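S.K.: Contents of data33.csv (CSV, C-alpha atoms and all ligand atoms):
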chain,number,residue,atom,x,y,z
M,1,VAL,CA,-108.6,204.7,-144.2
M,2,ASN,CA,-105.5,204.2,-142.2
M,3,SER,CA,-103.8,201.2,-140.5
M,4,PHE,CA,-104.6,201.9,-136.8
M,5,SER,CA,-106.4,198.8,-135.4
M,6,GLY,CA,-108.5,198.1,-132.3
M,7,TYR,CA,-109.1,201.7,-131.2
M,8,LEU,CA,-112.2,202.9,-129.5
M,9,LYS,CA,-113.6,206.0,-131.1
M,10,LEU,CA,-114.2,208.8,-128.6
M,11,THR,CA,-115.1,211.7,-130.9
M,12,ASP,CA,-115.0,212.6,-134.6
M,13,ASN,CA,-111.2,212.8,-134.5
M,14,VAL,CA,-110.0,211.2,-131.2
M,15,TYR,CA,-109.4,207.5,-130.8
M,16,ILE,CA,-107.9,205.5,-127.9
M,17,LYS,CA,-106.4,202.0,-127.2
M,18,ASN,CA,-104.8,200.3,-124.2
M,19,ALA,CA,-101.3,199.8,-125.8
M,20,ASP,CA,-97.6,200.4,-125.4
M,21,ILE,CA,-96.8,203.3,-127.7
M,22,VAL,CA,-93.5,201.7,-128.5
M,23,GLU,CA,-95.1,198.5,-129.8
M,24,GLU,CA,-97.8,200.4,-131.5
M,25,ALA,CA,-95.3,202.6,-133.4
M,26,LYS,CA,-93.2,199.6,-134.5
M,27,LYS,CA,-96.3,197.9,-135.9
M,28,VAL,CA,-98.0,200.9,-137.6
M,29,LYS,CA,-95.0,203.0,-138.7
M,30,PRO,CA,-97.1,206.2,-138.5
M,31,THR,CA,-96.1,209.4,-140.2
M,32,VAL,CA,-95.9,211.0,-136.7
M,33,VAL,CA,-95.3,209.6,-133.3
M,34,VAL,CA,-95.5,212.0,-130.4
M,35,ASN,CA,-92.9,212.0,-127.6
M,36,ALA,CA,-93.6,213.2,-124.1
M,37,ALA,CA,-90.5,215.3,-124.1
M,38,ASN,CA,-88.9,217.7,-121.7
M,39,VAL,CA,-87.3,221.1,-122.7
M,40,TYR,CA,-83.8,219.5,-122.7
M,41,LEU,CA,-84.9,216.5,-124.8
M,42,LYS,CA,-83.3,214.3,-122.1
M,43,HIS,CA,-85.2,211.1,-122.8
M,44,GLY,CA,-84.5,209.3,-119.5
M,45,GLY,CA,-87.8,207.7,-118.4
M,46,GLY,CA,-91.5,207.5,-119.0
M,47,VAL,CA,-92.6,207.5,-122.6
M,48,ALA,CA,-89.5,209.3,-123.7
M,49,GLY,CA,-87.1,206.9,-122.1
M,50,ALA,CA,-89.0,204.0,-123.6
M,51,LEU,CA,-89.1,205.5,-127.1
M,52,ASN,CA,-85.5,206.4,-127.0
M,53,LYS,CA,-84.5,202.9,-125.9
M,54,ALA,CA,-86.4,201.4,-128.9
M,55,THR,CA,-84.2,203.6,-131.2
M,56,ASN,CA,-81.0,202.2,-129.6
M,57,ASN,CA,-80.2,205.7,-128.3
M,58,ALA,CA,-80.3,207.3,-131.8
M,59,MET,CA,-83.1,209.6,-130.7
M,60,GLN,CA,-81.0,210.9,-127.8
M,61,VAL,CA,-77.9,211.4,-130.1
M,62,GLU,CA,-80.1,213.4,-132.6
M,63,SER,CA,-81.7,215.3,-129.7
M,64,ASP,CA,-78.4,216.4,-128.2
M,65,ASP,CA,-77.3,217.8,-131.5
M,66,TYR,CA,-80.6,219.7,-131.8
M,67,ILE,CA,-80.2,221.2,-128.3
M,68,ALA,CA,-76.6,222.1,-128.9
M,69,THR,CA,-77.7,224.1,-132.0
M,70,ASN,CA,-81.0,225.6,-130.9
M,71,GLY,CA,-81.2,225.6,-127.1
M,72,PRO,CA,-84.1,224.2,-125.0
M,73,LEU,CA,-87.7,224.1,-126.1
M,74,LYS,CA,-90.4,226.0,-124.3
M,75,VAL,CA,-92.9,224.3,-122.0
M,76,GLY,CA,-95.9,224.0,-124.3
M,77,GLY,CA,-93.7,223.9,-127.4
M,78,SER,CA,-92.4,221.2,-129.7
M,79,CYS,CA,-90.0,220.3,-132.4
M,80,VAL,CA,-90.1,217.8,-135.3
M,81,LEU,CA,-87.2,215.3,-135.5
M,82,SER,CA,-86.6,211.9,-137.0
M,83,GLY,CA,-88.9,209.0,-136.1
M,84,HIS,CA,-85.9,206.6,-136.5
M,85,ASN,CA,-87.2,203.0,-136.7
M,86,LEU,CA,-90.5,203.9,-135.2
M,87,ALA,CA,-92.2,206.4,-137.5
M,88,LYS,CA,-91.3,208.9,-140.3
M,89,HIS,CA,-91.2,211.8,-137.8
M,90,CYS,CA,-91.2,212.2,-134.0
M,91,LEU,CA,-93.0,215.3,-132.7
M,92,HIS,CA,-91.4,216.1,-129.4
M,93,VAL,CA,-94.0,217.9,-127.3
M,94,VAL,CA,-93.3,219.4,-123.9
M,95,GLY,CA,-96.4,219.3,-121.6
M,96,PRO,CA,-96.1,220.9,-118.2
M,97,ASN,CA,-94.6,218.8,-115.5
M,98,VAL,CA,-96.6,219.2,-112.3
M,99,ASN,CA,-93.7,217.8,-110.3
M,100,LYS,CA,-91.8,220.9,-111.4
M,101,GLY,CA,-94.5,223.5,-110.5
M,102,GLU,CA,-95.4,224.2,-114.2
M,103,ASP,CA,-98.6,225.9,-115.1
M,104,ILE,CA,-101.2,223.3,-116.1
M,105,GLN,CA,-102.8,225.8,-118.4
M,106,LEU,CA,-99.8,225.1,-120.7
M,107,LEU,CA,-101.3,221.7,-121.4
M,108,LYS,CA,-103.7,223.3,-124.0
M,109,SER,CA,-100.7,225.0,-125.7
M,110,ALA,CA,-98.9,221.7,-125.8
M,111,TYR,CA,-101.8,219.9,-127.5
M,112,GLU,CA,-102.1,222.7,-130.1
M,113,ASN,CA,-98.9,221.4,-131.6
M,114,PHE,CA,-100.8,218.3,-132.7
M,115,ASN,CA,-102.9,220.4,-135.1
M,116,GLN,CA,-99.9,220.9,-137.4
M,117,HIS,CA,-100.1,217.2,-138.3
M,118,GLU,CA,-103.1,215.5,-140.0
M,119,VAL,CA,-102.7,212.2,-138.2
M,120,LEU,CA,-100.7,211.3,-135.1
M,121,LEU,CA,-100.0,208.5,-132.6
M,122,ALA,CA,-99.6,210.0,-129.2
M,123,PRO,CA,-99.6,209.6,-125.4
M,124,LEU,CA,-101.6,211.7,-123.0
M,125,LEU,CA,-99.5,214.8,-122.4
M,126,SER,CA,-98.4,215.5,-118.9
M,127,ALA,CA,-99.6,212.0,-117.7
M,128,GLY,CA,-97.5,209.4,-116.1
M,129,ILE,CA,-94.4,210.8,-114.5
M,130,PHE,CA,-95.3,214.3,-115.5
M,131,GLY,CA,-97.8,214.3,-112.7
M,132,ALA,CA,-101.0,215.6,-114.2
M,133,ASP,CA,-104.4,214.0,-114.0
M,134,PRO,CA,-104.8,211.8,-117.1
M,135,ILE,CA,-108.6,212.2,-117.2
M,136,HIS,CA,-107.9,216.0,-117.5
M,137,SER,CA,-105.3,215.4,-120.1
M,138,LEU,CA,-107.8,213.5,-122.2
M,139,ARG,CA,-110.4,216.3,-121.8
M,140,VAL,CA,-107.9,218.9,-123.0
M,141,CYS,CA,-106.9,216.7,-125.9
M,142,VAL,CA,-110.5,216.2,-127.1
M,143,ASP,CA,-111.2,220.0,-126.7
M,144,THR,CA,-108.0,221.2,-128.4
M,145,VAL,CA,-106.9,218.7,-131.1
M,146,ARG,CA,-108.8,218.9,-134.4
M,147,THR,CA,-106.6,216.6,-136.4
M,148,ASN,CA,-106.8,212.8,-136.2
M,149,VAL,CA,-105.2,211.5,-133.0
M,150,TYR,CA,-104.7,207.9,-131.9
M,151,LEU,CA,-103.9,207.7,-128.2
M,152,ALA,CA,-102.0,204.8,-126.8
M,153,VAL,CA,-102.4,204.2,-123.1
M,154,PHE,CA,-99.9,201.8,-121.5
M,155,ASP,CA,-101.7,201.0,-118.3
M,156,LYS,CA,-104.8,198.8,-118.7
M,157,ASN,CA,-106.3,200.0,-115.5
M,158,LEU,CA,-105.9,203.6,-116.5
M,159,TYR,CA,-107.3,202.9,-120.0
M,160,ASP,CA,-110.5,201.4,-118.5
M,161,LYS,CA,-110.9,204.4,-116.2
M,162,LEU,CA,-110.4,206.8,-119.1
M,163,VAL,CA,-113.0,205.0,-121.2
M,164,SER,CA,-115.6,204.6,-118.4
M,165,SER,CA,-115.3,208.2,-117.3
M,166,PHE,CA,-115.3,209.9,-120.7
M,167,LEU,CA,-118.1,212.4,-121.2
W,201,LIG,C1,-98.7,204.8,-124.1
W,201,LIG,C2,-97.5,204.6,-123.3
W,201,LIG,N1,-97.4,205.2,-122.1
W,201,LIG,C3,-96.3,205.1,-121.3
W,201,LIG,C4,-96.3,205.8,-120.0
W,201,LIG,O1,-95.2,206.2,-119.5
W,201,LIG,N2,-97.5,206.0,-119.4
W,201,LIG,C5,-97.7,206.7,-118.2
W,201,LIG,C6,-98.3,208.1,-118.5
W,201,LIG,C7,-97.4,209.1,-119.2
W,201,LIG,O2,-96.1,209.0,-119.0
W,201,LIG,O3,-97.9,209.9,-120.1
W,201,LIG,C8,-98.3,206.0,-117.0
W,201,LIG,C9,-97.9,204.6,-116.7
W,201,LIG,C10,-98.5,203.9,-115.6
W,201,LIG,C11,-99.5,204.5,-114.8
W,201,LIG,BR1,-100.2,203.6,-113.4
W,201,LIG,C12,-99.9,205.8,-115.1
W,201,LIG,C13,-99.3,206.6,-116.2
W,201,LIG,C14,-95.3,204.3,-121.8
W,201,LIG,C15,-94.0,203.8,-121.3
W,201,LIG,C16,-93.5,203.0,-122.2
W,201,LIG,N3,-94.4,202.9,-123.3
W,201,LIG,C17,-95.5,203.6,-123.0
W,201,LIG,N4,-96.6,203.8,-123.8
Would you mind giving the structure from this file in structure tokens?
M.R.:
Amino acid sequence: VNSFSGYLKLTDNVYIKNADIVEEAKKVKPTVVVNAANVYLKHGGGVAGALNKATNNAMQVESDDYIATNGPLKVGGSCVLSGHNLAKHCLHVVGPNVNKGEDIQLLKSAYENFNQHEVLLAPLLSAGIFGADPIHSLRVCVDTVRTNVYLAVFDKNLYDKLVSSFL
């Protein structure tokens, strides 16, 4: 039993809710919140910009130190950093950005990072400003993640389409 409330169960291990991931994180304080990161951990917009704003820029400060030490992530890769006031940990995961020409096949590799964590709150990788089809992102998630994932979908119209079209 966990504290996530109001989610629709899609499969044995995947759940979904029309919600703002920032407000969901602040309420639940999950062990892991997933960020829709880029390889530079520049959290300027989308989910990343919103999550970073909620930490009063502390996420960006920590991220800049991480990059100065380690260099950029790989597309499809991840790193674990602090969750600040939102969660114990933040798993920064880099899905492919279609608006940069990146291979959509890397979306499966991106979701594989979730399997290193028993329970996560997450957005649909490569959705929103990353330019991929959210229906596809959801299919890859369900077919790749085996741990317990709670998906927060900001847009109500998109959430209804994702539910109504789910096989
Ligand atoms: C769960 C959650 N999702 C986002 C978000 O940016 N969602 C994108 C998708 C994406 O970026 O993955 C989207 C927004 C509108 C339309 Br129409 C289509 C896609 C934010 C932003 C602040 N809080 C958030 N909480």
S.K.: Give me the residues near residue 135 of chain M as an MDAnalysis selection string, where near means some atom within 8 Å (using all atoms listed in the file) and where sequence neighbours in that chain fewer than 4 positions away do not count.
M.R.: chainID M and resid 139 162 165:166
S.K.: Around ligand LIG 201 (chain W), which protein and nucleic acid residues have at least one atom no more than 10 Å from it, if we count all atoms listed in the file? List them as a PyMOL selection string.
M.R.: chain M and resi 16-25+35-37+45-54+95+121-134+137+151-159
S.K.: Distance atom CA of residue 101 of chain M-atom CA of residue 115 of chain M, one decimal place?
M.R.: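 For atom CA of residue 101 of chain M relative to atom CA of residue 115 of chain M, the distance reads 26.2 Å.
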S.K.: Which residue is closest to residue 34 of chain M? Choose from M:90, M:98, M:163, M:110 and count all atoms listed in the file.
M.R.: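 When distances to residue 34 of chain M are compared using all atoms listed in the file, the smallest one comes from M:90.
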S.K.: Using all atoms listed in the file, find the one residue out of M:30, M:71, M:77, M:83 that sits nearest to residue 118 of chain M.
M.R.: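 Looking at the shortest contact to residue 118 of chain M, the residue is M:30.
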S.K.: Skipping near chain neighbours, those fewer than 4 positions away, what residues fall within 8 Å of residue 76 of chain M using all atoms listed in the file, listed as a list in words?
M.R.: residues 93, 94, 95, 96, 106, 107, 108, 109, 110 and 111 of chain M
S.K.: One decimal, in Å: what's the spacing between atom CA of residue 26 of chain M and atom CA of residue 69 of chain M?
M.R.: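 Between these atoms lies a distance of 29.1 Å.
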S.K.: Name all residues at most 10 Å from residue 62 of chain M (count only C-alpha atoms; drop same-chain ones fewer than 4 positions away) and give them as a PyMOL selection string.
M.R.: chain M and resi 41+57-58+66-67+81-82+84
S.K.: Which distance in Å separates atom CA of residue 138 of chain M and atom CA of residue 80 of chain M, to one decimal?
M.R.: 22.4 Å
S.K.: Which of these, M:113, M:10, M:120, M:105, has the shortest distance to residue 136 of chain M once you count only C-alpha atoms?
M.R.: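 Of M:113, M:10, M:120, M:105, the one nearest residue 136 of chain M is M:105, counting only C-alpha atoms.
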S.K.: With all atoms listed in the file as the basis for distance, which of M:164, M:150, M:42, M:97 is at the shortest distance from residue 65 of chain M?
M.R.: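 Among M:164, M:150, M:42, M:97, it is M:42 that comes nearest to residue 65 of chain M.
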S.K.: Between M:3, M:117, M:75, M:86, which residue has the minimum interatomic distance to residue 103 of chain M, considering all atoms listed in the file?
M.R.: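 Answer, going by the shortest atom-to-atom distance: M:75.
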S.K.: Go through M:68, M:59, M:116, M:29 one by one, measure the shortest atom-to-atom distance of each to residue 148 of chain M using only C-alpha atoms, and give the residue with the smallest value.
M.R.: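 Among the listed residues, the smallest separation from residue 148 of chain M belongs to M:116.
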S.K.: Would you output segment 141-159 of chain M from that structure, restricted to N, CA and C atoms, as a PDB file, in the first residue's frame?
M.R.:
ATOM      1  N   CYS M 141       6.211   2.856 -22.320  1.00  0.00           N
ATOM      2  CA  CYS M 141       6.274   2.763 -20.866  1.00  0.00           C
ATOM      3  C   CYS M 141       5.704   1.436 -20.384  1.00  0.00           C
ATOM      4  N   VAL M 142       4.484   1.110 -20.811  1.00  0.00           N
ATOM      5  CA  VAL M 142       3.819  -0.097 -20.331  1.00  0.00           C
ATOM      6  C   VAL M 142       4.596  -1.341 -20.730  1.00  0.00           C
ATOM      7  N   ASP M 143       5.197  -1.332 -21.917  1.00  0.00           N
ATOM      8  CA  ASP M 143       5.926  -2.487 -22.431  1.00  0.00           C
ATOM      9  C   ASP M 143       7.382  -2.552 -21.973  1.00  0.00           C
ATOM     10  N   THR M 144       7.857  -1.585 -21.198  1.00  0.00           N
ATOM     11  CA  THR M 144       9.256  -1.538 -20.775  1.00  0.00           C
ATOM     12  C   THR M 144       9.422  -1.510 -19.269  1.00  0.00           C
ATOM     13  N   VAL M 145       8.626  -0.704 -18.574  1.00  0.00           N
ATOM     14  CA  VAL M 145       8.759  -0.552 -17.133  1.00  0.00           C
ATOM     15  C   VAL M 145       8.049  -1.708 -16.448  1.00  0.00           C
ATOM     16  N   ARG M 146       8.765  -2.374 -15.540  1.00  0.00           N
ATOM     17  CA  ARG M 146       8.231  -3.471 -14.752  1.00  0.00           C
ATOM     18  C   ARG M 146       8.008  -3.100 -13.298  1.00  0.00           C
ATOM     19  N   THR M 147       8.617  -2.009 -12.834  1.00  0.00           N
ATOM     20  CA  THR M 147       8.401  -1.504 -11.492  1.00  0.00           C
ATOM     21  C   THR M 147       7.134  -0.646 -11.484  1.00  0.00           C
ATOM     22  N   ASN M 148       6.745  -0.164 -10.312  1.00  0.00           N
ATOM     23  CA  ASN M 148       5.445   0.487 -10.140  1.00  0.00           C
ATOM     24  C   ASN M 148       5.570   1.965 -10.493  1.00  0.00           C
ATOM     25  N   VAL M 149       4.915   2.374 -11.574  1.00  0.00           N
ATOM     26  CA  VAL M 149       5.027   3.736 -12.076  1.00  0.00           C
ATOM     27  C   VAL M 149       3.666   4.415 -12.045  1.00  0.00           C
ATOM     28  N   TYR M 150       3.655   5.620 -11.466  1.00  0.00           N
ATOM     29  CA  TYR M 150       2.496   6.497 -11.363  1.00  0.00           C
ATOM     30  C   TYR M 150       2.743   7.662 -12.311  1.00  0.00           C
ATOM     31  N   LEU M 151       1.980   7.711 -13.392  1.00  0.00           N
ATOM     32  CA  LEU M 151       2.135   8.750 -14.393  1.00  0.00           C
ATOM     33  C   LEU M 151       1.206   9.918 -14.101  1.00  0.00           C
ATOM     34  N   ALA M 152       1.783  11.115 -14.036  1.00  0.00           N
ATOM     35  CA  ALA M 152       1.021  12.352 -13.937  1.00  0.00           C
ATOM     36  C   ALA M 152       0.992  13.015 -15.308  1.00  0.00           C
ATOM     37  N   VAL M 153      -0.210  13.297 -15.801  1.00  0.00           N
ATOM     38  CA  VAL M 153      -0.416  13.924 -17.101  1.00  0.00           C
ATOM     39  C   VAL M 153      -1.060  15.277 -16.858  1.00  0.00           C
ATOM     40  N   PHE M 154      -0.352  16.344 -17.234  1.00  0.00           N
ATOM     41  CA  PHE M 154      -0.797  17.700 -16.929  1.00  0.00           C
ATOM     42  C   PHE M 154      -2.084  18.052 -17.665  1.00  0.00           C
ATOM     43  N   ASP M 155      -2.128  17.781 -18.963  1.00  0.00           N
ATOM     44  CA  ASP M 155      -3.217  18.255 -19.806  1.00  0.00           C
ATOM     45  C   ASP M 155      -4.423  17.336 -19.665  1.00  0.00           C
ATOM     46  N   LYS M 156      -5.574  17.899 -19.288  1.00  0.00           N
ATOM     47  CA  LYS M 156      -6.768  17.077 -19.114  1.00  0.00           C
ATOM     48  C   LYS M 156      -7.211  16.467 -20.437  1.00  0.00           C
ATOM     49  N   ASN M 157      -7.192  17.256 -21.513  1.00  0.00           N
ATOM     50  CA  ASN M 157      -7.584  16.720 -22.812  1.00  0.00           C
ATOM     51  C   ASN M 157      -6.685  15.560 -23.224  1.00  0.00           C
ATOM     52  N   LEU M 158      -5.376  15.692 -23.016  1.00  0.00           N
ATOM     53  CA  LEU M 158      -4.473  14.599 -23.363  1.00  0.00           C
ATOM     54  C   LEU M 158      -4.729  13.377 -22.492  1.00  0.00           C
ATOM     55  N   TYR M 159      -4.930  13.583 -21.192  1.00  0.00           N
ATOM     56  CA  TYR M 159      -5.204  12.465 -20.298  1.00  0.00           C
ATOM     57  C   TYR M 159      -6.403  11.651 -20.775  1.00  0.00           C
TER      58      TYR M 159
END
